[PDB]
>>> print(open('model33.cif').read())   # mmCIF, C-alpha atoms and all ligand atoms
data_run
loop_
_atom_site.label_atom_id
_atom_site.label_comp_id
_atom_site.auth_asym_id
_atom_site.auth_seq_id
_atom_site.Cartn_x
_atom_site.Cartn_y
_atom_site.Cartn_z
CA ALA A 11 18.98 27.33 -25.59
CA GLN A 12 19.77 27.66 -21.85
CA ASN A 13 21.35 24.67 -20.01
CA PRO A 14 21.70 22.41 -23.06
CA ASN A 15 23.56 19.66 -21.20
CA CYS A 16 20.54 19.47 -18.74
CA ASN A 17 22.65 19.90 -15.57
CA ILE A 18 20.99 20.30 -12.24
CA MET A 19 21.03 23.97 -11.32
CA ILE A 20 21.31 25.46 -7.86
CA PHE A 21 19.65 28.79 -6.99
CA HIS A 22 20.30 31.27 -4.19
CA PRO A 23 17.35 33.74 -4.22
CA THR A 24 17.58 36.92 -2.16
CA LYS A 25 14.84 37.68 0.43
CA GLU A 26 13.30 40.02 -2.16
CA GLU A 27 13.28 37.39 -4.88
CA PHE A 28 11.74 34.86 -2.38
CA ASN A 29 8.46 36.81 -2.17
CA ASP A 30 6.83 35.78 -5.37
CA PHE A 31 6.88 31.99 -5.84
CA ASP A 32 5.40 31.84 -9.34
CA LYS A 33 7.74 34.52 -10.62
CA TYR A 34 10.84 32.70 -9.23
CA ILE A 35 9.83 29.37 -10.82
CA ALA A 36 9.40 31.23 -14.12
CA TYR A 37 12.94 32.82 -13.56
CA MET A 38 14.46 29.40 -13.01
CA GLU A 39 12.92 28.12 -16.24
CA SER A 40 14.22 31.23 -18.15
CA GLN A 41 17.72 29.99 -17.10
CA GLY A 42 17.02 26.46 -18.33
CA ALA A 43 16.57 24.78 -14.93
CA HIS A 44 13.74 22.58 -16.12
CA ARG A 45 15.86 20.85 -18.66
CA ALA A 46 17.55 18.87 -15.88
CA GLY A 47 14.22 17.73 -14.43
CA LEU A 48 15.25 18.87 -10.90
CA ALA A 49 16.62 22.10 -9.33
CA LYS A 50 17.88 22.99 -5.83
CA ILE A 51 16.80 26.21 -4.14
CA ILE A 52 18.75 27.40 -1.10
CA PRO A 53 16.58 29.88 0.86
CA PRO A 54 17.93 33.32 1.85
CA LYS A 55 19.70 33.33 5.17
CA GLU A 56 16.95 35.49 6.70
CA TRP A 57 14.30 32.82 6.08
CA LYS A 58 13.04 30.06 8.33
CA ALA A 59 10.27 27.44 7.97
CA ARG A 60 9.37 27.56 11.60
CA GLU A 61 11.07 28.47 14.95
CA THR A 62 12.05 24.98 16.15
CA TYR A 63 11.45 21.22 15.55
CA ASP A 64 11.42 20.48 19.29
CA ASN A 65 7.75 19.65 19.56
CA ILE A 66 7.10 17.16 16.63
CA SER A 67 7.37 13.83 18.47
CA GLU A 68 3.67 13.32 19.00
CA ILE A 69 2.81 13.42 15.29
CA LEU A 70 1.35 9.96 14.40
CA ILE A 71 2.57 7.79 11.56
CA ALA A 72 -0.64 5.80 11.23
CA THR A 73 0.72 3.29 8.65
CA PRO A 74 4.52 3.03 8.56
CA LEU A 75 5.66 1.10 5.47
CA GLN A 76 8.42 -1.53 5.49
CA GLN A 77 10.12 -1.44 2.11
CA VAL A 78 10.91 -5.00 1.07
CA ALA A 79 13.10 -5.49 -2.04
CA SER A 80 13.29 -8.25 -4.67
CA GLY A 81 15.76 -8.61 -7.50
CA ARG A 82 19.47 -7.79 -7.79
CA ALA A 83 21.47 -4.97 -6.20
CA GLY A 84 21.18 -2.61 -9.17
CA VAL A 85 17.78 -3.67 -10.56
CA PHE A 86 15.07 -4.38 -8.02
CA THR A 87 11.49 -3.74 -7.07
CA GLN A 88 10.12 -2.88 -3.65
CA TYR A 89 6.77 -3.59 -2.01
CA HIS A 90 5.37 -1.84 0.99
CA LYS A 91 4.37 -3.90 3.99
CA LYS A 92 2.04 -2.11 6.42
CA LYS A 93 3.24 -1.91 10.05
CA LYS A 94 1.55 -0.84 13.24
CA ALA A 95 1.12 2.84 13.99
CA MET A 96 3.81 4.72 15.83
CA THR A 97 4.60 8.31 16.83
CA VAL A 98 7.39 10.37 15.26
CA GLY A 99 9.24 9.97 18.61
CA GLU A 100 8.95 6.23 18.39
CA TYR A 101 9.98 6.24 14.73
CA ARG A 102 13.07 8.42 15.39
CA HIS A 103 14.18 5.96 18.12
CA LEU A 104 13.73 3.05 15.70
CA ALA A 105 15.68 4.88 12.93
CA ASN A 106 18.58 5.41 15.40
CA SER A 107 18.60 1.75 16.60
CA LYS A 108 21.51 -0.54 15.74
CA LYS A 109 19.34 -2.46 13.26
CA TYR A 110 18.39 0.63 11.21
CA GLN A 111 20.97 3.42 11.80
CA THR A 112 23.24 4.83 9.13
CA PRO A 113 26.61 2.90 9.05
CA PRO A 114 29.94 4.59 9.51
CA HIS A 115 31.09 6.25 6.34
CA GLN A 116 33.59 8.80 4.92
CA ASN A 117 31.43 11.07 2.86
CA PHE A 118 28.27 11.12 0.71
CA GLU A 119 29.98 9.15 -2.03
CA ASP A 120 31.00 6.31 0.26
CA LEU A 121 27.44 6.23 1.61
CA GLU A 122 26.01 6.08 -1.92
CA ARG A 123 28.29 3.11 -2.69
CA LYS A 124 27.08 1.35 0.46
CA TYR A 125 23.44 2.07 -0.45
CA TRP A 126 23.66 0.50 -3.92
CA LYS A 127 25.68 -2.41 -2.68
CA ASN A 128 23.55 -3.33 0.30
CA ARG A 129 20.01 -1.82 0.01
CA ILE A 130 18.34 -5.07 -1.10
CA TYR A 131 19.46 -6.99 1.97
CA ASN A 132 17.57 -4.74 4.44
CA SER A 133 13.94 -3.61 4.76
CA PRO A 134 13.83 -0.06 6.16
CA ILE A 135 10.58 1.50 7.46
CA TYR A 136 9.25 4.77 5.81
CA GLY A 137 6.56 7.16 7.25
CA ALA A 138 5.23 8.36 3.96
CA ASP A 139 2.45 10.35 2.53
CA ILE A 140 1.16 11.78 5.81
CA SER A 141 -1.26 14.66 5.23
CA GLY A 142 0.03 17.69 7.09
CA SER A 143 2.46 20.65 7.31
CA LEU A 144 5.38 21.73 9.43
CA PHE A 145 5.48 25.31 8.11
CA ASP A 146 4.54 27.98 10.63
CA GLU A 147 1.36 29.77 9.61
CA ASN A 148 3.28 33.04 9.83
CA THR A 149 5.96 31.96 7.30
CA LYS A 150 4.83 33.90 4.27
CA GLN A 151 7.46 32.89 1.69
CA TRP A 152 7.66 29.41 0.12
CA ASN A 153 5.17 28.00 2.60
CA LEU A 154 4.14 24.70 0.99
CA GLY A 155 0.70 24.80 2.68
CA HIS A 156 -0.10 28.25 1.14
CA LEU A 157 0.67 27.79 -2.52
CA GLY A 158 -1.85 28.46 -5.31
CA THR A 159 -3.78 25.31 -6.03
CA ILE A 160 -3.62 23.20 -9.18
CA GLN A 161 -7.38 23.53 -9.50
CA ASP A 162 -7.12 27.29 -9.56
CA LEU A 163 -4.29 27.12 -12.11
CA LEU A 164 -6.45 24.92 -14.45
CA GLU A 165 -9.28 27.37 -13.96
CA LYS A 166 -7.12 30.38 -14.71
CA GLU A 167 -5.59 28.79 -17.86
CA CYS A 168 -8.53 26.86 -19.28
CA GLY A 169 -11.60 28.57 -17.75
CA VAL A 170 -13.21 25.47 -16.20
CA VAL A 171 -13.95 25.35 -12.49
CA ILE A 172 -13.31 21.88 -11.00
CA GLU A 173 -13.67 20.09 -7.68
CA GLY A 174 -10.62 19.01 -5.68
CA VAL A 175 -8.07 20.24 -3.21
CA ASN A 176 -4.26 20.10 -3.07
CA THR A 177 -2.53 19.76 0.35
CA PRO A 178 1.04 18.89 1.47
CA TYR A 179 2.40 15.63 2.73
CA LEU A 180 5.07 14.79 5.31
CA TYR A 181 7.66 12.04 4.86
CA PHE A 182 9.62 10.68 7.86
CA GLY A 183 12.64 8.70 6.54
CA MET A 184 15.48 6.54 7.83
CA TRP A 185 18.69 5.07 6.34
CA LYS A 186 17.97 3.27 3.03
CA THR A 187 14.38 4.38 2.77
CA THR A 188 13.79 4.62 -0.96
CA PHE A 189 11.72 6.48 -3.55
CA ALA A 190 11.32 4.52 -6.71
CA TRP A 191 11.65 5.87 -10.28
CA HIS A 192 8.59 8.00 -11.13
CA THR A 193 7.23 11.25 -12.51
CA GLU A 194 4.46 13.04 -10.62
CA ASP A 195 0.73 12.36 -11.03
CA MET A 196 -0.35 13.87 -14.33
CA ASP A 197 3.36 14.91 -14.84
CA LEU A 198 2.93 17.76 -12.35
CA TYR A 199 5.77 19.68 -10.73
CA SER A 200 6.67 18.82 -7.15
CA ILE A 201 8.39 20.82 -4.48
CA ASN A 202 10.09 19.20 -1.52
CA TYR A 203 11.51 20.86 1.61
CA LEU A 204 13.86 18.90 3.89
CA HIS A 205 12.80 20.23 7.27
CA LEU A 206 15.28 18.34 9.46
CA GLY A 207 17.75 15.54 9.83
CA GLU A 208 19.98 13.63 7.49
CA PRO A 209 20.26 14.18 3.72
CA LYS A 210 18.29 12.85 0.77
CA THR A 211 20.12 11.81 -2.44
CA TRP A 212 18.25 12.28 -5.75
CA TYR A 213 18.73 10.94 -9.25
CA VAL A 214 16.88 12.50 -12.22
CA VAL A 215 16.48 11.95 -15.96
CA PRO A 216 16.00 15.10 -18.14
CA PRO A 217 12.40 15.35 -19.36
CA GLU A 218 13.50 15.33 -22.96
CA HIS A 219 15.01 11.86 -22.32
CA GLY A 220 12.27 10.30 -20.23
CA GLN A 221 11.25 7.84 -22.88
CA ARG A 222 14.77 6.37 -22.82
CA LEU A 223 14.27 5.51 -19.16
CA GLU A 224 10.86 4.00 -19.91
CA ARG A 225 12.32 1.78 -22.68
CA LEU A 226 15.07 0.53 -20.34
CA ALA A 227 12.56 -0.11 -17.60
CA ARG A 228 10.40 -2.23 -19.97
CA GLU A 229 13.52 -4.34 -20.77
CA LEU A 230 14.56 -4.67 -17.09
CA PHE A 231 11.07 -5.44 -15.71
CA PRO A 232 9.54 -7.46 -18.53
CA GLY A 233 6.55 -9.02 -16.55
CA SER A 234 5.59 -5.62 -15.05
CA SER A 235 5.67 -4.06 -18.48
CA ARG A 236 3.30 -6.69 -19.90
CA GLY A 237 0.91 -6.08 -16.96
CA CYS A 238 0.62 -2.33 -17.56
CA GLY A 239 1.64 0.13 -20.23
CA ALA A 240 2.62 2.72 -17.58
CA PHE A 241 3.96 0.54 -14.75
CA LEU A 242 6.43 3.17 -13.50
CA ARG A 243 3.23 4.84 -12.11
CA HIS A 244 3.24 2.02 -9.59
CA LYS A 245 6.32 3.52 -7.98
CA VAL A 246 8.06 0.24 -7.29
CA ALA A 247 11.09 0.00 -9.60
CA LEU A 248 14.70 0.86 -8.85
CA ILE A 249 17.65 1.06 -11.27
CA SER A 250 21.11 2.05 -10.04
CA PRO A 251 23.34 4.73 -11.48
CA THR A 252 25.78 2.00 -12.60
CA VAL A 253 23.04 0.29 -14.56
CA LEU A 254 21.82 3.55 -16.09
CA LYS A 255 25.43 4.39 -17.22
CA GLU A 256 25.85 0.87 -18.71
CA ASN A 257 22.73 1.44 -20.75
CA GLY A 258 23.50 5.01 -21.84
CA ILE A 259 20.63 6.68 -20.03
CA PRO A 260 21.27 10.31 -19.42
CA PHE A 261 20.84 11.33 -15.73
CA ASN A 262 22.20 13.49 -12.94
CA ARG A 263 22.50 13.18 -9.16
CA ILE A 264 22.46 15.62 -6.24
CA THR A 265 22.25 15.46 -2.43
CA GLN A 266 19.66 17.62 -0.66
CA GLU A 267 20.42 18.76 2.92
CA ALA A 268 18.22 20.03 5.71
CA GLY A 269 16.94 23.56 4.95
CA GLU A 270 16.97 23.17 1.20
CA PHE A 271 14.18 22.95 -1.38
CA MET A 272 14.11 20.69 -4.44
CA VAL A 273 11.78 21.29 -7.34
CA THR A 274 10.96 18.51 -9.84
CA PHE A 275 9.74 19.61 -13.26
CA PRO A 276 7.06 18.07 -15.46
CA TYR A 277 7.98 14.65 -16.77
CA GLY A 278 11.28 14.63 -14.86
CA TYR A 279 11.75 11.00 -13.69
CA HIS A 280 13.35 10.89 -10.27
CA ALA A 281 14.38 8.33 -7.60
CA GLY A 282 16.50 8.43 -4.46
CA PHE A 283 17.17 7.49 -0.86
CA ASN A 284 17.45 8.90 2.63
CA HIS A 285 20.77 8.93 4.53
CA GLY A 286 19.31 8.64 8.03
CA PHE A 287 16.45 9.94 10.16
CA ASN A 288 14.83 12.93 8.45
CA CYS A 289 11.51 14.73 7.77
CA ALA A 290 10.55 16.19 4.43
CA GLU A 291 7.37 18.00 3.24
CA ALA A 292 6.25 17.95 -0.37
CA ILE A 293 3.36 19.05 -2.56
CA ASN A 294 2.48 19.04 -6.24
CA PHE A 295 1.91 22.27 -8.14
CA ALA A 296 1.25 23.54 -11.61
CA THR A 297 2.19 26.50 -13.88
CA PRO A 298 0.94 27.48 -17.32
CA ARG A 299 3.78 25.44 -18.90
CA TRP A 300 2.46 22.29 -17.20
CA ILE A 301 -0.84 22.20 -19.09
CA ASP A 302 0.64 20.59 -22.22
CA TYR A 303 2.35 17.93 -20.12
CA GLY A 304 -0.83 17.15 -18.31
CA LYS A 305 -2.60 16.63 -21.60
CA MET A 306 0.03 14.10 -22.70
CA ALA A 307 0.72 12.32 -19.36
CA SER A 308 0.58 8.55 -19.41
CA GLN A 309 -1.81 6.82 -17.21
CA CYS A 310 -1.99 3.54 -15.29
CA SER A 311 -5.41 1.88 -15.88
CA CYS A 312 -4.44 -1.70 -14.66
CA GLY A 313 -5.64 -0.74 -11.21
CA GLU A 314 -2.37 -0.77 -9.29
CA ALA A 315 -1.51 2.93 -9.20
CA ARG A 316 -4.77 4.04 -7.39
CA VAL A 317 -4.54 7.83 -6.76
CA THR A 318 -6.13 10.86 -5.07
CA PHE A 319 -9.64 12.15 -5.51
CA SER A 320 -8.34 15.30 -7.21
CA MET A 321 -6.71 13.47 -10.19
CA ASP A 322 -10.24 12.65 -11.47
CA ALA A 323 -10.93 16.14 -12.71
CA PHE A 324 -7.50 16.49 -14.28
CA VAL A 325 -8.05 13.36 -16.41
CA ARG A 326 -11.68 14.31 -17.12
CA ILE A 327 -10.83 17.76 -18.47
CA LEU A 328 -7.39 17.28 -19.99
CA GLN A 329 -7.71 13.65 -21.25
CA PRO A 330 -11.41 13.09 -22.00
CA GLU A 331 -10.69 10.17 -24.40
CA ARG A 332 -8.75 8.34 -21.66
CA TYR A 333 -11.21 9.17 -18.87
CA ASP A 334 -13.58 6.13 -19.11
CA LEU A 335 -10.77 3.50 -19.21
CA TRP A 336 -8.77 5.31 -16.47
CA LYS A 337 -11.79 5.49 -14.17
CA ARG A 338 -12.47 1.73 -14.63
CA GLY A 339 -8.90 1.33 -13.22
CA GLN A 340 -9.83 3.47 -10.20
CA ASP A 341 -13.11 1.47 -9.56
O1 LIG B 1 10.91 12.51 -0.58
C1 LIG B 1 10.46 11.41 -1.07
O2 LIG B 1 10.43 10.22 -0.58
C2 LIG B 1 9.84 11.46 -2.44
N1 LIG B 1 9.54 12.79 -2.93
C3 LIG B 1 9.27 13.01 -4.19
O3 LIG B 1 9.23 12.11 -5.07
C4 LIG B 1 8.97 14.41 -4.57
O4 LIG B 1 9.10 15.30 -3.69
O5 LIG B 1 8.62 14.55 -5.78
MG MG B 2 4.09 16.59 18.31
NI NI B 3 8.22 12.76 -6.73
ZN ZN B 4 -0.70 -0.06 -13.85
#
>>> encode(input="model33.cif", output="structure tokens", more="lines below")
Ligand SMILES: O=C(O)CNC(=O)C(=O)O
Ligand SMILES: [Mg+2]
Ligand code: NI
Ligand SMILES: [Zn+2]
Amino acid sequence: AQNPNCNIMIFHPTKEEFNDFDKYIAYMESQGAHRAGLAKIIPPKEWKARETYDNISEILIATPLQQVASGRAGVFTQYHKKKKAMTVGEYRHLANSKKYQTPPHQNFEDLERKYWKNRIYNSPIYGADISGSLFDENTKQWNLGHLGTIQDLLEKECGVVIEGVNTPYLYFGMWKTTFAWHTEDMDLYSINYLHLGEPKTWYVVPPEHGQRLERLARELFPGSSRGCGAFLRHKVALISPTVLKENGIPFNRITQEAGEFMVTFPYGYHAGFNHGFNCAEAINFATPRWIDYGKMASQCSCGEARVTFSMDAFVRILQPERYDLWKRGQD
């Protein structure tokens, strides 16, 4: 078995190997990359996402989210408070202000310490989940707006044509902006490209150990757990690396820098934070190996998780027994 310790693997495809996305994902899996739950892909030196980032300031963040924490430094939840619209230019200025800017630090490790120590005492503002793309239409390789769709994959594997579309999202981040512990909708893959700015630190639990994370989370968030059998779908809970180590949960960590791709694999729980002003683009995708995960994915039916139009058909076709209860949650 390849990669039996479930370490995060880092790939350096050549320009030739960067042509066929599906084939390269399948290559990574042949080397065991999926066992970690997350891989890093460094694009060939010849490649670029677009020519420059000099003209992005007029993009609108219609609903910036202020991430307010409750709990203790290592075990907390966050809720999102809606703020007034602002442009990317306005947001970048706010990120760089004395109130929100990254503190002085020595290295990534020092910054990570400062994050876990101090995150709860501040409420950073995240521009998340903005439909759109920063890839140039002429970028042919690993263009996240031109991937094969999940609907077409389900059709190719299972023969059923379904409604729905699959498009990318932009994330504008600042110091301490946080992504809570989650897997993707329907335990899909994700791919994330850091277009510009400061790094993003990730933590991940191997898919084969995801249930260990879930059991810890039920112990650490006992009211949430009683409210919903899949409350990590709410994307509100944070657990620090110190706390995971104390409880014997297997995980790994890696820092993503500008120009790098991360791929999350089905049922790979992940969480993390942004180091400073940045912009990432991400999208879900599927492969033939996903289908079995989609069939087994947990669902939130308490009504909190409320998700895209396109998840309907996935539940309907892959989880017909669950469909009725799940749709009651959506309505
Ligand atoms: O970048 C972020 O805030 C969160 N991204 C993801 O969880 C992802 O790409 O799967
Ligand atoms: Mg603009
Ligand atoms: Ni994710
Ligand atoms: Zn729920």
>>> closest_atom_pairs(input="model33.cif", of="chain A", to="ligand ZN 4 (chain B)", cutoff="7 Å", atoms="all atoms listed in the file", output="tab-separated table")
residue	atom	partner	partner_atom	distance
A:237	CA	B:ZN4	ZN	7.0
A:238	CA	B:ZN4	ZN	4.5
A:239	CA	B:ZN4	ZN	6.8
A:240	CA	B:ZN4	ZN	5.7
A:241	CA	B:ZN4	ZN	4.8
A:243	CA	B:ZN4	ZN	6.5
A:244	CA	B:ZN4	ZN	6.2
A:310	CA	B:ZN4	ZN	4.1
A:311	CA	B:ZN4	ZN	5.5
A:312	CA	B:ZN4	ZN	4.2
A:313	CA	B:ZN4	ZN	5.6
A:314	CA	B:ZN4	ZN	4.9
A:315	CA	B:ZN4	ZN	5.6
>>> atom_distance(input="model33.cif", atom1="CA of residue 56 in chain A", atom2="CA of residue 150 in chain A")
12.5 Å
>>> residues_around(input="model33.cif", residues="range 126-132 of chain A", least_positions_apart="2", cutoff="7 Å", atoms="all atoms listed in the file", output="PDB file with C-alpha atoms, keeping the file's coordinate frame")
ATOM      1  CA  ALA A  79      13.100  -5.490  -2.040  1.00  0.00           C
ATOM      2  CA  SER A  80      13.290  -8.250  -4.670  1.00  0.00           C
ATOM      3  CA  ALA A  83      21.470  -4.970  -6.200  1.00  0.00           C
ATOM      4  CA  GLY A  84      21.180  -2.610  -9.170  1.00  0.00           C
ATOM      5  CA  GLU A 122      26.010   6.080  -1.920  1.00  0.00           C
ATOM      6  CA  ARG A 123      28.290   3.110  -2.690  1.00  0.00           C
ATOM      7  CA  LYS A 124      27.080   1.350   0.460  1.00  0.00           C
ATOM      8  CA  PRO A 134      13.830  -0.060   6.160  1.00  0.00           C
ATOM      9  CA  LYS A 186      17.970   3.270   3.030  1.00  0.00           C
ATOM     10  CA  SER A 250      21.110   2.050 -10.040  1.00  0.00           C
TER      11      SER A 250
END
>>> closest_residue(input="model33.cif", among="A:200, A:308, A:161, A:97", to="ligand NI 3 (chain B)", atoms="all atoms listed in the file")
A:200
>>> residues_around(input="model33.cif", residues="residue 24 in chain A", least_positions_apart="2", cutoff="8 Å", atoms="only C-alpha atoms", output="mmCIF file with C-alpha atoms, in the frame of the given file")
data_model
loop_
_atom_site.group_PDB
_atom_site.id
_atom_site.type_symbol
_atom_site.label_atom_id
_atom_site.label_comp_id
_atom_site.auth_asym_id
_atom_site.auth_seq_id
_atom_site.Cartn_x
_atom_site.Cartn_y
_atom_site.Cartn_z
ATOM 1 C CA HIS A 22 20.300 31.270 -4.190
ATOM 2 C CA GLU A 26 13.300 40.020 -2.160
ATOM 3 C CA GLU A 27 13.280 37.390 -4.880
ATOM 4 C CA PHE A 28 11.740 34.860 -2.380
ATOM 5 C CA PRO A 53 16.580 29.880 0.860
ATOM 6 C CA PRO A 54 17.930 33.320 1.850
#
>>> closest_atom_pairs(input="model33.cif", of="chain A", to="ligand NI 3 (chain B)", cutoff="7 Å", atoms="all atoms listed in the file", output="JSON lines")
{"residue": "A:192", "atom": "CA", "partner": "B:NI3", "partner_atom": "NI", "distance": 6.5}
{"residue": "A:193", "atom": "CA", "partner": "B:NI3", "partner_atom": "NI", "distance": 6.1}
{"residue": "A:194", "atom": "CA", "partner": "B:NI3", "partner_atom": "NI", "distance": 5.4}
{"residue": "A:200", "atom": "CA", "partner": "B:NI3", "partner_atom": "NI", "distance": 6.3}
{"residue": "A:280", "atom": "CA", "partner": "B:NI3", "partner_atom": "NI", "distance": 6.5}
>>> closest_residue(input="model33.cif", among="A:138, A:49, A:215, A:20", to="ligand LIG 1 (chain B)", atoms="only C-alpha atoms and all ligand atoms")
A:138
>>> residues_near_ligand(input="model33.cif", ligand="ligand LIG 1 (chain B)", cutoff="8 Å", atoms="all atoms listed in the file", output="VMD selection string")
chain A and resid 138 181 183 187 to 189 192 to 194 199 to 202 210 272 to 274 280 to 284 290 to 294
>>> residues_around(input="model33.cif", residues="residue 333 in chain A", least_positions_apart="4", cutoff="12 Å", atoms="all atoms listed in the file", output="PyMOL selection string")
chain A and resi 305+308-311+321-329+337-340
>>> residues_around(input="model33.cif", residues="residue 39 in chain A", least_positions_apart="2", cutoff="10 Å", atoms="only C-alpha atoms", output="list in words")
residues 12, 13, 33, 34, 35, 36, 37, 41, 42, 43, 44, 45, 49, 275 and 299 of chain A
>>> residues_near_ligand(input="model33.cif", ligand="ligand MG 2 (chain B)", cutoff="6 Å", atoms="all atoms listed in the file", output="number ranges by chain")
A: 65-69
>>> write_last_selection(input="model33.cif", atoms="C-alpha atoms", output="short mmCIF file (atom, residue, chain, number, x, y, z; two decimals), in the frame of the given file")
data_model
loop_
_atom_site.label_atom_id
_atom_site.label_comp_id
_atom_site.auth_asym_id
_atom_site.auth_seq_id
_atom_site.Cartn_x
_atom_site.Cartn_y
_atom_site.Cartn_z
CA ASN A 65 7.75 19.65 19.56
CA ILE A 66 7.10 17.16 16.63
CA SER A 67 7.37 13.83 18.47
CA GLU A 68 3.67 13.32 19.00
CA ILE A 69 2.81 13.42 15.29
#
>>> residues_around(input="model33.cif", residues="residue 300 in chain A", least_positions_apart="2", cutoff="8 Å", atoms="all atoms listed in the file", output="list in words")
residues 197, 198, 199, 276, 296, 297, 298, 302, 303 and 304 of chain A
>>> closest_residue(input="model33.cif", among="A:117, A:148, A:247, A:17", to="residue 223 in chain A", atoms="only C-alpha atoms")
A:247
>>> atom_distance(input="model33.cif", atom1="CA of residue 58 in chain A", atom2="CA of residue 137 in chain A")
23.8 Å
>>> atom_distance(input="model33.cif", atom1="CA of residue 145 in chain A", atom2="CA of residue 245 in chain A")
27.1 Å
>>> closest_residue(input="model33.cif", among="A:228, A:156, A:108, A:205", to="residue 270 in chain A", atoms="all atoms listed in the file")
A:205
>>> closest_residue(input="model33.cif", among="A:31, A:135, A:174, A:25", to="residue 318 in chain A", atoms="all atoms listed in the file")
A:174
>>> closest_residue(input="model33.cif", among="A:222, A:60, A:255, A:332", to="residue 151 in chain A", atoms="all atoms listed in the file")
A:60
>>> decode(input="model33.cif", residues="range 146-186 of chain A", atoms="C-alpha atoms", output="short mmCIF file (atom, residue, chain, number, x, y, z; two decimals), in the first residue's frame")
data_model
loop_
_atom_site.label_atom_id
_atom_site.label_comp_id
_atom_site.auth_asym_id
_atom_site.auth_seq_id
_atom_site.Cartn_x
_atom_site.Cartn_y
_atom_site.Cartn_z
CA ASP A 146 -7.56 33.83 -17.87
CA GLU A 147 -9.81 32.25 -20.47
CA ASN A 148 -6.70 31.37 -22.46
CA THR A 149 -5.10 29.37 -19.61
CA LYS A 150 -5.74 25.85 -20.82
CA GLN A 151 -4.17 23.78 -18.03
CA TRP A 152 -5.66 23.47 -14.52
CA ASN A 153 -8.13 26.26 -15.18
CA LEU A 154 -10.65 25.84 -12.35
CA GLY A 155 -13.46 27.38 -14.45
CA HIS A 156 -12.96 24.77 -17.25
CA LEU A 157 -12.98 21.48 -15.42
CA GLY A 158 -15.36 18.61 -16.25
CA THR A 159 -18.52 18.98 -14.21
CA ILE A 160 -19.69 16.72 -11.40
CA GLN A 161 -22.98 16.29 -13.23
CA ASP A 162 -21.19 14.97 -16.27
CA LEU A 163 -19.08 12.64 -14.12
CA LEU A 164 -22.27 11.17 -12.49
CA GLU A 165 -23.73 10.79 -15.96
CA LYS A 166 -20.64 9.08 -17.33
CA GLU A 167 -20.38 6.66 -14.36
CA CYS A 168 -24.02 5.95 -13.59
CA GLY A 169 -25.85 6.80 -16.85
CA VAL A 170 -28.36 9.30 -15.40
CA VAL A 171 -28.56 12.82 -16.74
CA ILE A 172 -29.20 15.40 -13.99
CA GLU A 173 -29.80 19.13 -13.63
CA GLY A 174 -27.22 21.39 -11.98
CA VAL A 175 -24.06 23.31 -12.66
CA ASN A 176 -20.68 23.52 -10.91
CA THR A 177 -18.78 26.85 -10.90
CA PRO A 178 -15.78 28.23 -8.94
CA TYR A 179 -15.72 30.51 -5.96
CA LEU A 180 -13.31 33.24 -4.87
CA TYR A 181 -12.18 33.75 -1.26
CA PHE A 182 -10.56 37.04 -0.17
CA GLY A 183 -8.86 36.48 3.23
CA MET A 184 -7.01 38.43 5.92
CA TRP A 185 -4.96 37.53 9.02
CA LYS A 186 -6.82 35.02 11.23
#
